[PDB]
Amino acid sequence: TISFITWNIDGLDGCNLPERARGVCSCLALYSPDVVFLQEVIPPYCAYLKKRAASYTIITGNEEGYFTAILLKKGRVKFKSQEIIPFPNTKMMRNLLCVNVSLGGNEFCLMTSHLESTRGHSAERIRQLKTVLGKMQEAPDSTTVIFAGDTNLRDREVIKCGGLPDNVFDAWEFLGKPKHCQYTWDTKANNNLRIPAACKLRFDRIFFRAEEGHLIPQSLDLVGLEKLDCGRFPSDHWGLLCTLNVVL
């Protein structure tokens, strides 16, 4: 089994940041995931995580401006190695962060990214998605590969990339597209952006590679839906909490 959260925690919002980081660390302590994949981290936010989620090792690649990180629960997850796959044509300092780990006697390749944002950068986001999916297929065959991140995907962008390969699956699709976690960026239900228009999108996604009768998703749920004391949520995104298990 592996449990993890992926969450774009909007470190670029300076308003209520310490309280919101507290909110995120409260969720980490309550759900106690093995791994946390984070996007839109900024330097002060890391400092907060070191004090208030100290039993997670913070793995980063480049830290310029805002960045991703993979948090590994100490004593559960053993760090083996890291690989950074660049997106040569990014205009937003985006890249693919890979961490090989051991957990429960099994080897994992854990991946995250914040793919190119906005509708205007669709074509580059699609190119980056293709890079991510190719990298997932190249991992050694005895490794469980999990991507979890802020893909910024919408509409038919997955199809335009050539589709998910035959051996890669979207965890939400695999569970039958449940409604309760169908949107991860929802401006009707989330008030952190003070914006008039309704938008419900599923930016945050989890892909996993098939390994024929081993780990599969057992649950998927939103996190971050409790308002904090300031009347806002931890992030403008909802996080995703996912567990995979082996069903023989």
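One rule holds for the numbers: they count along the sequence shown, beginning at 1.
- Stretches 22 to 30 and 189 to 197 differ in mean C-alpha B factor, with the higher average recorded for 189 to 197.
- Taking the mean C-alpha B-factor of each stretch as recorded, 204 to 212 and 59 to 67 are not equal, and the higher mean is that of 204 to 212.
- Remark: of 141, 150, 170, 116, 141 shows the highest value [criterion: C-alpha B-factor in the PDB entry].
- When the C-alpha B factors of 53, 220, 47, 41 are read from the deposited coordinates, the top value falls at 47.
- Sort the modelled residues of the chain by CA B factor and residue 8 lands in the lowest third.
- For residue 2, the recorded CA B-factor ranks within the middle third of the chain. Only modelled residues enter the ranking.
- In the deposited entry, the Cα temperature factor of residue 130 sits in the middle third of values across the chain's modelled residues.
- Among all modelled residues in its chain, residue 112 ranks in the lowest third by Cα B-factor.
- In this PDB entry, the Cα temperature factor of residue 91 sits in the top third of its chain's modelled residues, the highest group.
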